[PDB]
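Trainee: only geometry, no sequence info:
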């Protein structure tokens, strides 16, 4: 019922992003697969990434990847592009209002 | 007497498909005017009969075989349709005589957690005879890899459960799907019209 | 793929307002729909859900300002009242389209619309 994300992480191109989606209560569900991932760019309403972390996608670069287990779903990216960072959101589902992540923004120096 | 459609349709839990109920009905007035004309049934058909004529007709076998299926698959339940349903978990003959009914359940039969009581057969080692209930969950062996009473690589636990959200599209909202069937002529009729 | 909204709006707190979303580019009967808000400086609040054919319409509890939702299908259209308009209710609403069932989903999006609850 209570999901959580890491407070902040800032990154650089080529790096492999994993953000901590922190899920209170149960781990996933008896449905064996749940949650989600989303990306909000400025001036661009958010967008599906990979549903149930396990699947997709079309328009979705395979550089996007990950999985999930337990109370923390595992985010994965490879060789980021300096224009492609945006806050990533993981849903709940199957239980309770679905809500979203408190938010964290990949950020690059230089 | 009275024919217990009111306990067929309006009953609480519908069996999942791979074990499909079979409820005979007999020795009663079976009045189709109160069914068909409820007009809440988001589909319908009738095959060897045309639903209005029935009120005057006298059956013997009347078997209401209820079960829940996935919205897009009602199409598969009919004569002449093949696919995961009519082939594996629930057959229909082709020459089969009687109606086919469905109205979405999506208020009830689905939970946000995708109620998993509802489940069906995915991998079976043949394709059913007409009206063969298959209840056996004995594990499936795809290749020559011995399963030996456990899940296995290239082994299969033959059942599969639909995830139903209540929020599914019309396709994956579960439809309650009854069926019926009957003899028509040449046997003494317990069933009747009015 | 294709969606329309109302623009922003101004209402005195305490009242109500009806909000619109206009859909096109698919069969609007066959996809459940949901409103979602973004409170600035706050993570996305998920507003409400509706069924596809006929209304499931379940909300979060929190406290409801008794926002009521319905579809008009022949108009490919979605509607949102919000009664009990209050300060915090200021946010960016969104109308979003689910997909045929899955671990989800929420695919496409209305771009979003401001909320002004003010004197």
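Mentor: Done, it's in. Residues are numbered from 1 along each chain as shown, chains lettered A, B, ... in the order given.

Trainee: In chain B, what residue comes closest to chain A?
Mentor: The minimum distance from chain B to chain A, using Cβ to the nearest Cβ, falls at residue B:113 (4.5 Å). C-beta here means a position set from N, CA and C on the backbone, and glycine is covered the same way.

Trainee: Surely that residue touches residue A:30?
Mentor: Yes. If you go by Cβ atoms under 8 Å, residue B:113 and residue A:30 touch, sitting 7.4 Å apart.

Trainee: Please say which of the two ends up with more neighbours.
Mentor: More neighbours surround residue B:113 than the other of residue B:113 and residue A:30, with 18 against 11 (other Cβ atoms under 10 Å in any protein chain shown).

Trainee: wait, what's in contact with the closest residue to chain B within chain C?
Mentor: Here chain C gets closest to chain B at one residue, residue C:101, 3.6 Å apart by Cβ to the nearest Cβ. Applying Cβ atoms under 8 Å, 6 or more residues apart in numbering or on different chains to residue C:101 gives the contacts B:163, B:164, B:165, B:167, B:168, B:169, B:171, B:172.

Trainee: Neighbours of the closest residue to chain C within chain A, how many?
Mentor: Closest approach between chain A and chain C, counting by Cβ to the nearest Cβ: residue A:52, at 3.0 Å. Each residue near residue A:52 was counted by other Cβ under 10 Å, and the total is 24.

Trainee: For it, which non-adjacent residue is closest in space?
Mentor: residue C:103 (3.0 Å; Cβ to Cβ, 6 or more residues apart in numbering or on different chains).

Trainee: Tally up the residues packed near the one you found, please.
Mentor: 25.

Trainee: So the residue lying closest to residue C:76 once chain neighbours are set aside: helix, strand or coil?
Mentor: Leaving aside its sequence neighbours, residue C:76 sits nearest to residue C:28 (Cβ to Cβ, 6+ apart; 4.0 Å). Secondary structure, DSSP: H, G, I helix; E, B strand; the rest coil: residue C:28 is coil.

Trainee: give me phi/psi at the residue nearest the centre of chain A?
Mentor: Among the residues of chain A, the one closest to the centroid is residue A:37, at 4.0 Å (Cα atoms, centre = their mean). The phi/psi pair for residue A:37 (degrees, to the nearest 10) reads phi -150, psi 140.

Trainee: check contacts around it.
Mentor: A:48, A:49, A:50, A:51, A:53, A:66, A:75, A:88, A:89, A:90.

Trainee: Residue B:17 too?
Mentor: So residue B:17 contacts B:67, B:68, B:69, B:85, B:89, B:90, B:120, B:121 (Cβ under 8 Å, 6+ apart).

Trainee: So it belongs to a helix, correct?
Mentor: No. The assignment for residue B:17, made by three-state DSSP, is coil rather than a helix.

Trainee: if we can go back for a sec, what's the closest non-adjacent residue to the residue nearest to the centre of chain A?
Mentor: With Cβ to Cβ, 6+ apart, the residue lying closest to residue A:37 is residue A:49, at 3.7 Å.

Trainee: I figured the one you found hits residue A:19, correct?
Mentor: No. Using Cβ under 8 Å as the test, residue A:49 is too far from residue A:19 to be in contact (11.7 Å).

Trainee: okay, and the common contacts of the two?
Mentor: residue A:88.

Trainee: what about the two, which has more around it?
Mentor: Taking neighbours as other Cβ under 10 Å, residue A:49 and residue A:19 compare with residue A:19 leading, 25 against 20.

Trainee: does residue B:87 sit in a helix, a strand or a coil?
Mentor: helix.

Trainee: what's the answer for residue C:70, then?
Mentor: From three-state DSSP, the assignment for residue C:70 is strand.

Trainee: Now it: closest residue in space that isn't a chain neighbour?
Mentor: residue C:79 (5.3 Å).

Trainee: interface residues of chain A facing chain B?
Mentor: By the rule Cβ under 8 Å from any Cβ of the partner chain, the part of chain A lying against chain B is A:29, A:30, A:31, A:93, A:94, A:95.

Trainee: do the same with chain C
Mentor: Residues of chain C lying close to chain B (Cβ under 8 Å from any Cβ) are C:29-32, C:34, C:49, C:51-54, C:56, C:58, C:98-102.

Trainee: Can you flag the buried ones in the residues you listed?
Mentor: Neighbour-count burial (16 or more other Cβ atoms under 10 Å in any protein chain shown) is assigned, among those, to C:30-32, C:34, C:49, C:51-53, C:56, C:98-102.

Trainee: farthest pair in those residues?
Mentor: Farthest-apart pair in those is C:53 and C:102; separation 18.4 Å (Cβ to Cβ).

Trainee: picking that back up, quick one: contacts for the residue of chain A closest to chain C?
Mentor: A:33, A:34, A:35, A:36, A:68, C:102, C:103, C:104.

Trainee: And the strands in chain B?
Mentor: B:23-24, B:28-29, B:63-64, B:67-70, B:100-104, B:119-121, B:140-141, B:155-156, B:159-161, B:174-179, B:191-192 (DSSP state E).

Trainee: so what's residue A:107 closest to, chain neighbours aside?
Mentor: Going by Cβ to Cβ, 6+ apart, residue A:107 has residue A:10 as its nearest residue, at 3.6 Å.

Trainee: rewinding a little: quick one: closest of the strands of chain B to residue B:12.
Mentor: Per Cβ to Cβ, nearest to residue B:12 of these: strand B:174-179, 11.2 Å.

Trainee: ok, back up a step: quick one: the contacts of residue A:37 as TSV, columns for secondary structure too.
Mentor: Listed next are the contacts of residue A:37 as TSV, based on three-state DSSP:
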residue	secondary structure
A:48	strand
A:49	coil
A:50	coil
A:51	helix
A:53	helix
A:66	strand
A:75	strand
A:88	strand
A:89	strand
A:90	coil
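
Trainee: As a check, name the ranges of all helices in chain B.
Mentor: Using DSSP state H, the helices of chain B run over residues B:5-8, B:33-36.

Trainee: chain center to the last one, what's the gap?
Mentor: Remark: helix B:33-36 is offset 19 Å from the chain centroid, using Cα atoms, centre = their mean, to the nearest Å.
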